[PDB]
Structures are given as structure tokens and as C-alpha cells.
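Asks: partial complex follows, first chain(s) only, in situ:
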Amino acid sequence: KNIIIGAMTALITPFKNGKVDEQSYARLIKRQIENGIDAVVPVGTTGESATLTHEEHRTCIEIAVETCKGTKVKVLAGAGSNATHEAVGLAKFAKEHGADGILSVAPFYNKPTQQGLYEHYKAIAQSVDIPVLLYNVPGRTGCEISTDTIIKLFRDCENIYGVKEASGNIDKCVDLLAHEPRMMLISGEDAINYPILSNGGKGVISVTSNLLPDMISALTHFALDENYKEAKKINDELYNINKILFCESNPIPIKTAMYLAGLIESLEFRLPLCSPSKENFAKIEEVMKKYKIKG
Amino acid sequence: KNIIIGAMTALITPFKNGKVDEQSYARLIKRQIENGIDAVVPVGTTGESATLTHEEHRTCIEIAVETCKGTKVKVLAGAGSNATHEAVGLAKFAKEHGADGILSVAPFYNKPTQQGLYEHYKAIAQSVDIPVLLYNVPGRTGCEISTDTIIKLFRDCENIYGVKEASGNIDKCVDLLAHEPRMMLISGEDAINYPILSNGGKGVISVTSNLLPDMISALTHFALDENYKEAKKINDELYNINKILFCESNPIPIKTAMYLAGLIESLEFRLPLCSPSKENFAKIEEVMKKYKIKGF
Amino acid sequence: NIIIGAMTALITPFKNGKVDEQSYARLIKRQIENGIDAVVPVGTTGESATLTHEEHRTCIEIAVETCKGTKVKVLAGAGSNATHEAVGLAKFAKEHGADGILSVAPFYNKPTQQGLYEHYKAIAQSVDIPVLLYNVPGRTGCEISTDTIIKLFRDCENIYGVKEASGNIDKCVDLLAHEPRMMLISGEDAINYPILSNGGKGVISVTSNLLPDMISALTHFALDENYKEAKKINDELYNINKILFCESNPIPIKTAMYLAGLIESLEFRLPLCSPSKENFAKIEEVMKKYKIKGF
């Protein structure tokens, strides 16, 4: 099956005076390209997909597809929804508008059964032909795509090729690849990028890469090159930034970090997201003072 | 402060051929109305708000308002979203179209901070001049509105009057009312309706009441009338059905039970929701046999 | 035959390492002087884990003699994660004048529900005094399931109920809806009233070390079905009830006793120890809200 692996970036969606800032967005994607990043994920969790209108969401996917066209870099379009008909709609759009594949989050809030999860993803996979990456983030969704379901879907569906794991559970990671070595396990948690990669994971979808695309890109390629000494080295030194970028909900801290680095104009969120508390603000800028940020 | 309390129902949304069965929807509300229900909650979690379009969502509110108009049964409209701008738009439609107040779920999925939660609700509360009931269901949303935030919202916003608590945390309920006895604590967890009411809760927003509106109605009014022995009696009897209705994700069992009772024509959901396992179907069917289920 | 009502998990006071036995008697007298219906020598609040049998059994004796000739009963701590030990403890408490035993679920070793049944069955059959089960999964690492609690209650005459310390009011509804004959005892102070209002017949309290009159009043107002008054006290008590667990029980309660001049010295036996300076201030501050009894 066709895949999208390697060092991938969960793009922040910068805001300017309320509206999506289409210049910085298309610009930041270029900064990711010119820094060793293999793929970009428009409008994921980090891109505030919840606060974006279906039009704005569709716009960002299109921008991402258009800024990358003609490069090595791929676009993994965030197409998740807790309503299957929307997710399909977002899936069909990405395909008909030229994304390489889609990252489809597990339905949040409505807590579907494993059966419902299977049919949800089957419907999405069987309405496009592009690679589909599952996304398991139970802390946010209130639901867990079981290994059984994940593997079931991988086998039943031609274009479902893996899962972005952000469940903090390395046991599940071993479980996945022990019973199903053919799948692409993607790290969805920055602090444990290395352990996932060292167990056969084939890439990451990073938040930290927004700030430090070089460090994250190198880590993954070192790990993929099976240079575990160097990949662990980077993972170890990135531990502090990886943890501090979650002292409050992503993408709050990362945007704050992208702001302090001059990479974006305004520290601007769409409610219910907001700027962090001053304490966590102090903690971020301090940790930032320990790394070399490029622009 | 103006409020909406008593026996309330988280209305299921019946589908027929994929579309909302509006006649059936109106009819189910009538059944709730005539069985002692004080207010109805169109399009909550139980009404599959996640998979309705904004237009269907708005229609269900219209149907609910139209059906309760003339009765003193209030319409507490589900207006929550994980986007403040959506939540405000929904809250404004609810106001403009006759809803007596709204129910606003804590933002799900995007895990806002307590600061973000406060501003999210303040923005909503300032948008309309009708009662706003907070909704805390951390198991679904991935976030918890802390007791302190709840009390701040209640004290800072004139139309925020309470919270539907669905966390299975009785300590929190004790915490809420020990510090702010003026707020309306609403049970959103059927199994423990009585413990919440008996600690000062002033109503329930029930899933069970779709099937047994009379029993839930009587439970709440016994409790509200301080007849705790009779309220507890009913709560104990309802424990079986109260648990079985969550053998899978609400509203999967309740809709199955409604279908089994002949109260809705077809057992249809919108994906990712679907019919329960054949086993749970049999378990629900078996548990129903222990209860007198009022018809239309 | 049962033990219900307002019960106190007695603290075990230390002076220079050894159990201050005069302080123990004075405290127990103080509990009796304030309407407490039963005392629990050597519970978790009594630091059973760090005591020797020489002391575990000294304490029980003192409890028996101090209560000898009053209406106040003695529910001895007699639990262990080893059945042969718990049986020995059960037999001791009996052979030494205890009116009943409190038996915690086996901690650490995580027995099955089958094992939990065979454990308690062997305990109840060893002695002829009533046995109160103790469920505190946050401490033990296991939970006695509702079915297991009910089976034990039905299969053994002297198993008459359970001290519940799981903060799960649903389980309390479950237990009393299916087995309304058992004595559900509250083991979490903050939610004493909601448990009592659902048919609970008593509390085994930490706060009643400090405020025995109020806890005794609460429990008795609820037994008389004056739920209005029981709720008032429960609400007044919430703050002290919560602060008494700002650190692990019995660290805050012993600190409070010390601050109230009720024990000689703030002395724990390791691994327990003094609270942080911060929590010391918190505890001291919270205490001011309350009128505290002397001897």
C-alpha cells in the first residue's frame, strides 16, 4: 500500500485579526520544507481544526497542497470529524484537491463503539483512493481505537496504512507492530519520539517541529537510518522543550513559542483557546533560551 | 436569577431514511410533556448533536419550542460547541426562536484551559439574555470545568445559573453546593440522580426519561418535595435500566430501547454511531421487561 | 449482630518512637465524651502498617479497657494482605475483647475476586464477631467488586457490611439497591452525607479525631432522617474534610491534632513524615474556621 512516513509537522494555524493568515501559513510551510521535513499536516489538532470553518479548513488544505506542489514534501491533510459525513466530505475534498493522503482523527465527544469506529473509517477509506492514516488521541477524544480495530482496518482497507499514536502507551505500540509489522506506526507524542521509532515506528507527526524542524527532522532520519545513538541523543536533549510544550494544551504553548521566536506576528487564538497563564509563559521562554531556533 | 429546573429530558433524535423524523420527534416530545416533564433538551449528546447539521439542529429546536408552546414545559436548547463562535451562533438562534434557555457543553476535543473555559462561557452568556446551564462531561469532552470556574461563571454572569454535572463525582457536587448553595445543580448521570438531588440538586437532565418519563418525573418531584424515601425507592428500582442504557455509548442503548418499545419506527443512527451488538440488544430487551413503559 | 453509627479511625500518637498509651486513652475518652458510637484502633489512620504486634495489640487492649463499661464499641483493625496473618489478627482481636473487626482488602498482591472471597470467607469463619469489609482501592491496588461484597455478605453471617473509601457513589447505589440489608459505612469524610442519605448506616471518620461532636451529630441527624441538618454539617465540614487529605492520611490529621494541642508531639513513623511547610499553614488556617474540643 501507498504511504506517507518520516518526519512530519503538525502545522500551527496562525491567526491575524481573527482571520486565517494565509500569508504566514503558506510561508511557514516553506520554512518547514527548507528544513528537512518530509510532510506537513494542515489543520490537525495543532492547527485548531475545531475553531476553523469548513471553508477555512478547506482553504488551508488547498494552500498546503499548493505550497508544496513541485517539491519532495507531501501533504497529509487533517480531515477528521466526529460526524462521518463531514469526515468523508473533508476526505473527498483533499483527494479532489490533490493531497497525498489524510490524517483522520477518531470521532471525539460522541464516543462511538469499536464497531462504529470501524464503519466510520471504512466509509472514509472507501470514498477516496489516497493513503489514510488513523489518529488515536484518547485523551482528547474520549475514545480509543483498539489495536484489534486498528489492525482490522489496516487489513480490510486497502488505503488505511497506519496510525498516529498519541496515547502515551508504548505497550500498545509493541502490541501493534508485534501482530502487524506491515503497518506504519507514527509517533504523535514528541517526548517519546525515539522509543516509538526504536520499536519500528516509521515517522512522527510533531508539534515541536514547528519551532525546531531541524532537530526533529534529524532525529527521525537518524532513527530511520537506525543510528539509535544519535536519535536518542536528540530525543534526550529535546525532552525539556517537548514537555514544556504541553504545560497547557497544544497548540497553546507552541504558538506562544512561535510568537516569542518572531516566527509569527500575533499571539492570537480563537476561543475557547487563549494565551497561556503568565507562569507557563515564563516557563516556556526559559526553556526556549536553551535551544537554537532557526527562521 | 431566572432558572430552568425539575424533571428534564435529553431528547433522542429519531431518524427515518437518514433524515430527522420530525413528526415522530414532535410526538416523543408530547409524550414527555404529558408525563410530568418540566423541560426538554433538544439536541444534546443524547440527541446526536455531533452528527446533525446546523440546519437540522435548528429545526429540532423549532419543533421543540412549537410543541411545548402553551404548556409551561420549558425548552432548554442544546447549544454547546468546541468553538466559541459556533456556540454563540447556536445560543443566539435558540434565543431568537423561542428557547427558554440553553445547555452548553464544555468544549470537547480541544481541551481549553480553565481561563479559556471562562471566556468561552462568558462570551456565550453575554450573547443572549436567557438562562445558561453549564454542562460538564469530562469523559466525553476530555476536559473538566473545575468547581472554581463554575462558581466564578455563576457569580460573574447573571444568566449562568448552574451546571449539568455528568462526571460521577459526588465530592464535586458537595463541593459546588457547599460553596455556592444558590446555584442549580442538575444531575446528568441517571444512576445517581437521587444522591445528587438529596445533596441539594434541583433537577435532572435524563436519558432514562426518554423511556420512563413518568418514573424520572416522580423521582425528581419526590426529592424536590423532600420525600427522600420515595425518591430513593424509585432510584433503586431504576438502577438496572439506568446502567443498561450505557452498556454502550449513549444514545445507542436508549434509542434501541425506544425502538423495542415501539416508540420510534426504525433503529437508525448516523455514523460513527450505529446499532449495538446483538448481545447488548438482547440485554437491553431483557431489562426493559422489568418496567412499565408508558405508551403514547 | 452489627456495629454502626458514628465511628472514629483513631490516630496512633507517638512520643519518642513508642506509642504514647496515656495519650491514646485520653483521646479515646475524648471520643466517648463526644457521642462517638465506636472507635477503630489501628486502622490506616492508626498507621497499622508501621506498628508492631506488640503495639497493634497494646492499642486494641487500651481501646477495649477504655470503652469497657460504656456503650461505645471497638471495631479493631485486623486486615492484612496475607490471609494467615489476617486470620491471626482476627483471632487476636476477638480473644482480646474486640466487638468486631475491620478488614481491609489485601493490598499490594492484588488478589482475584475469587481470592478476595476465599480470603474474607476464611476470616469470617475463624471468628464469631461481626466483620466489616474495607474497600479502599486507591490504597490497596484492588477493589472488592459489588458482586463479591454481596456474595460475602450473603454467604457469611458475620460479614455485615463494607466501609467504602472509593469515592464512587454509583457503587453505593449499586450495593444498597441490590443488597439493602447490608451496612454500608462511609470511609470518605467529604461525602459522608450523600452515602448516609442513600441508606448508609455509619461513618468511619478521620475528621472525627478533631471534631468528634460534629461528625457524631451529622451521623445521628442522618440516622434520624433529619437530612436537612445532616447536610448542613456536611457542608460546613467540607473544607476541613478536604484539607485533611491535602497530604496522605494520617499526615494532615496528626498535624491538626498537634495544632489543636491534643497530642504531645508531631511524630510519625517512617515512611510517613511531617507535611510540607505549605500544607502546615493550610491545615492551621483551615482549622480556625472550627471550634475544637479540648479533653
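Replies: Arrived safely. Numbers count the residues shown, from 1 in each chain, chains lettered A, B, ... in the order given.
Asks: could you report the separation of residue A:239 from chain C?
Replies: Residue A:239 sits 27 Å away from chain C, going by CB to the nearest CB, to the nearest Å. All C-beta spots, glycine's among them, are computed from the backbone N, C-alpha and C.
Asks: ignore the last one, residue A:192
Replies: 26 Å.
Asks: in stretch A:71-83, what counts as buried?
Replies: Neighbour counts over stretch A:71-83 (16 or more other CB atoms under 10 Å in any protein chain shown) mark A:73, A:74, A:75, A:76, A:77, A:78, A:79, A:80, A:81, A:82, A:83 as buried.
Asks: what's the closest non-adjacent residue to the first one?
Replies: Of all residues not flanking residue A:73 in the chain, residue A:33 sits nearest, at 4.9 Å (CB to CB, 6 or more residues apart in numbering or on different chains).
Asks: what is the neighbour count of that neighbour?
Replies: 18 (other CB atoms under 10 Å in any protein chain shown).
Asks: so which bits of chain A are right by chain B?
Replies: Residues of chain A lying close to chain B (CB under 8 Å from any CB of the partner chain) are A:45, A:48, A:50-51, A:82-85, A:107-113, A:115-117, A:119-120, A:123, A:139-142, A:248-249, A:252, A:270-274, A:276-277.
Asks: mind redoing it with 7 Å?
Replies: Selection of chain A residues close to chain B by CB under 7 Å from any CB of the partner chain yields A:50-51, A:82-85, A:107-113, A:115-117, A:119-120, A:123, A:139-142, A:248-249, A:271-274, A:277.
Asks: among these, name the buried ones.
Replies: Using 16+ other CB under 10 Å, the buried members of the residues of chain A next to chain B are A:50-51, A:82-84, A:107-113, A:115-117, A:119-120, A:123, A:140-142, A:248-249, A:271-274.
Asks: looking at the buried residues of stretch A:71-83, which is nearest chain C?
Replies: residue A:82 (26.4 Å; CB to the nearest CB).
Asks: SS state for the closest one?
Replies: Three-state call for residue A:82 (DSSP: H, G, I helix; E, B strand; the rest coil): coil.
Asks: circling back to that earlier point, wait, what's in contact with the residue nearest to residue A:73?
Replies: Listed by CB atoms under 7 Å, 6 or more residues apart in numbering or on different chains, the contact set of residue A:33 reads A:68, A:71, A:73.
Asks: same thing with residue A:189?
Replies: Residue A:189 is in contact with A:166, A:168, counting by CB under 7 Å, 6+ apart.
Asks: what's the spacing between it and chain C?
Replies: To chain C, residue A:189 is 27 Å away according to CB to the nearest CB.
Asks: just to revisit the earlier point, in strands, which of the contacts of residue A:33 fall?
Replies: Residues of those located in strands (DSSP state E): none.
Asks: from these, which is closest to chain B?
Replies: residue A:68 (25.9 Å).
Asks: tell me what the closest residue to that closest one other than its chain neighbours is bridged to.
Replies: Once flanking residues are discounted, residue A:68 sits nearest to residue A:75: 5.4 Å by CB to CB, 6+ apart. Note on residue A:75: beta-bridge partners by DSSP bridges are residue A:40.
Asks: is it true that residue A:75 touches residue A:97?
Replies: No. Contact criterion CB atoms under 7 Å: residue A:75 and residue A:97 do not qualify, at 9.8 Å.
Asks: any idea which element the residue of chain A found nearest chain C lies in?
Replies: In chain A, the residue that lies nearest chain C is residue A:279 (16.5 Å; CB to the nearest CB). Assigned by DSSP states H and E, residue A:279 belongs to helix A:278-288.
Asks: as chain D, please add this:
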Amino acid sequence: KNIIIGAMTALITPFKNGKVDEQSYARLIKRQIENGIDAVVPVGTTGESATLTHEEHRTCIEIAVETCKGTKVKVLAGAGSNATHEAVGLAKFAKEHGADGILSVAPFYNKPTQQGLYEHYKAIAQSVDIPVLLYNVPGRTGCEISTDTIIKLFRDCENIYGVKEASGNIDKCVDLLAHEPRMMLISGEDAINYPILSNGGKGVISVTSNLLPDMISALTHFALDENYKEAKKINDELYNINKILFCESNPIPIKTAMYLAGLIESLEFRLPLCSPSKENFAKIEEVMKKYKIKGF
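Replies: Chain D now in position relative to the chains above:
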């Protein structure tokens, strides 16, 4: 620091007629030595430490010490307790009767604070002069030794050299080795042996090695040799046995498997442990027969 690393086995404690089968114990330890284990852990959790008397506890250690004498195999004695005086008492015997070091579990049930955990272990480490390995298993104890606490103990106490981690938390394993690279991180969770080792872990204390000591020792040695591909392969192969060895509480499945393998005479537990459900019995037999088991 004096250390004890490598492939280690949490020894089962076989009972015949209620008493510790001393001869079978030595026979099992001998089998471990022959199949390449680096250390054995007498009377830990798997050793049913909870139900053994002090006489038996000490007896088991001495058997482990005397069997390992004249070999490279070390004895890491289980010597934890949730009372510091008893833990020091246990520690003092283990040191005086041959054990190369002690494994000391975090105080269970009484939940001491981080400050308490520090003073607990400091009192242990400064009362005997043999290596001490911390044991963090919060699911059994109810408390967690924080990363900061572990590093403080490592730095302020000469003979504390690392921690057996059985919390299924790889993030914590990263935090530990990233801030204190001299830490001897030992896997205490068989299913994640490889991921812990691949991050700089220096050993395992295995339940599975009782049954398959060759595979566990091969896994650990491969990982220490930077041969991650082969170490992962084995870990992947062992995943199912590593998981079903916990369908019921350890050491219930492992002892069952050892009995069905003919490695011990009888399947006796001391209460509150007991024989598994007859269905879990067949489950264990099923999984074990999918592996190659060494005799004596």
C-alpha cells in the same frame, strides 16, 4: 556505584503441602543459572513476598545465595516493606547472608509523600552498604516515586544505583535517563522489555524468565550488545506470553504455567492468591504450548 544489571528473574516460590519447597526452589534457580540469567530476585512480588513468613523470606534468599555461589549469577534480594524499620530489618539480613544487593518496593498502601519516600529509602540505603534498587510499581502500591525523588536518592545515597520500573510509562523512562544518565534503569514490565532497554535501560527483572529464561536472557544480552533488531524480534515474539502472564494477578499465571510445564510438583498458592479460573487455566496452557520450554 556497585550495580546489579542484566537479565534477572523474579523467582516464583513453589509450595508443597503449605511449606516452601526448598529443594525445588534451588532446582529452579539452578535452571535459571544454566540458561544464562545474570541475577535472580528471591521473594519479590512474583515470589509471593506478601504471604511468606520472615523465616521463609530469609530462607529463600539463603538458598538463592548458596545456589549462585561459585557462579557469576548475582542475588538481588527482595527486601521491601511499607514500614521503614521492617525494610531496614529485611535489608540487614539480606546483606549479612550473602545477597549482592536488594530490591526495595515503594511503600505500599500507606502512600507516603515524596518527602517520606526519600527518607524511607535514605534510611534503608544508609543502614546497609549493599546496592539498593528502587522498585516503582504504582498499580500495586498506590504511590509513585517521582523522577525527581529517584534522582535525589541516587545522588544523595551512595548505594542506590537505579530503579525497577513497572509503571508502563516510557515518558518517565526518558525523563530519568535524560537528567541522570548514570541511572541503572531496569524493566519491570515484560511486555515493554525492549523499548526500555533501547532507551538506555541496563536490565530486566522478568516474570516470563521463570518459564523462558533463555529467551529473556537472549533478549537482554542482544539489547546490551546494541543488537536491537534481534532484541525487538524476541520481545515481539514474547508479547503474547508476556501479556497472558497477567490475565490474572502475577504470580498466578506464571505459577500455573510452571506447573503445566512440569517444572514444579504442585500448584499451591497461599491465600488470598489462588488457582485461576478453569478457563484462564486452559488459556495459560494454550499460550505456553506455543513456546519452547527448557527443562532441568
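Asks: same as before for the contacts of residue A:33, with chain D this time.
Replies: Counting by CB under 7 Å, 6+ apart, residue A:33 touches A:68, A:71, A:73.
Asks: number of nearby residues for the first one?
Replies: Using other CB under 10 Å, residue A:68 is surrounded by 23 other residues.
Asks: correct me, but it touches residue A:62?
Replies: No. Using CB under 7 Å, residue A:68 is not in contact with residue A:62; the gap is 11.1 Å.
Asks: count of neighbours near the nearest residue to residue A:267 once chain neighbours are set aside?
Replies: Spatially, and ignoring its direct neighbours in sequence, residue A:267 is nearest to residue A:259 (4.1 Å; CB to CB, 6+ apart). Applying other CB under 10 Å, we find 17 residues neighbouring residue A:259.
Asks: you'd agree residue A:259 is up against residue A:269?
Replies: No. Using CB under 7 Å, residue A:259 makes no contact with residue A:269, being 10.6 Å away.
Asks: if I look at these two, which residues touch both of them?
Replies: Joint contacts of residue A:259 and residue A:269 (CB under 7 Å, 6+ apart) do not exist.
Asks: overlap in contacts, residue A:68 and residue A:62.
Replies: Shared contacts of residue A:68 and residue A:62 (CB under 7 Å, 6+ apart): none.
Asks: which residues sit in contact with the nearest residue to residue A:59 once chain neighbours are set aside?
Replies: Ranked by CB to CB, 6+ apart and with sequence neighbours excluded, the top spatial neighbour of residue A:59 is residue A:20, at 6.7 Å. Listed by CB under 7 Å, 6+ apart, the contact set of residue A:20 reads A:13, A:56, A:59, A:60.
Asks: in ChimeraX, select just the buried ones from those.
Replies: The following ChimeraX line selects those of the contacts of residue A:20 that are buried, judged by 16+ other CB under 10 Å:
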select /A:13,56,59,60
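Asks: tell me the one among the contacts of residue A:20 nearest to chain D.
Replies: The nearest member of the contacts of residue A:20 to chain D, counting by CB to the nearest CB, is residue A:13 at 26.9 Å.
Asks: now that closest one. Nearest residue, chain neighbours left out?
Replies: residue A:47 (4.1 Å).
Asks: next, count neighbours for residue A:69.
Replies: If you count neighbours by other CB under 10 Å, residue A:69 ends up with 10.
Asks: what's the burial count for the residue nearest to it when sequence neighbours are not counted?
Replies: The shortest distance from residue A:69 to any non-neighbouring residue, by CB to CB, 6+ apart, is to residue A:98 (7.4 Å). Residue A:98: 16 surrounding residues under other CB under 10 Å.
Asks: just to revisit the earlier point, out of the contacts of residue A:33, which comes closest to chain D?
Replies: residue A:73 (28.6 Å).
Asks: that closest one reaches residue A:36, doesn't it?
Replies: No. Using CB under 7 Å, residue A:73 is not in contact with residue A:36, being 9.8 Å away.
Asks: joint contacts of those two?
Replies: By CB under 7 Å, 6+ apart, residue A:73 and residue A:36 have no common neighbours.
Asks: what sits against residue A:287?
Replies: Residue A:287 neighbours (CB under 7 Å, 6+ apart): A:240, A:241, A:244.
Asks: wait, what's in contact with the second one?
Replies: Under the criterion of CB under 7 Å, 6+ apart, the contact list for residue A:241 reads A:208, A:287, A:291.
Asks: please redo it, this time with the cut-off set to 6 Å
Replies: Taking CB atoms under 6 Å, 6 or more residues apart in numbering or on different chains, we find residue A:241 in contact with A:287, A:291.
Asks: thanks a lot, see you next time.
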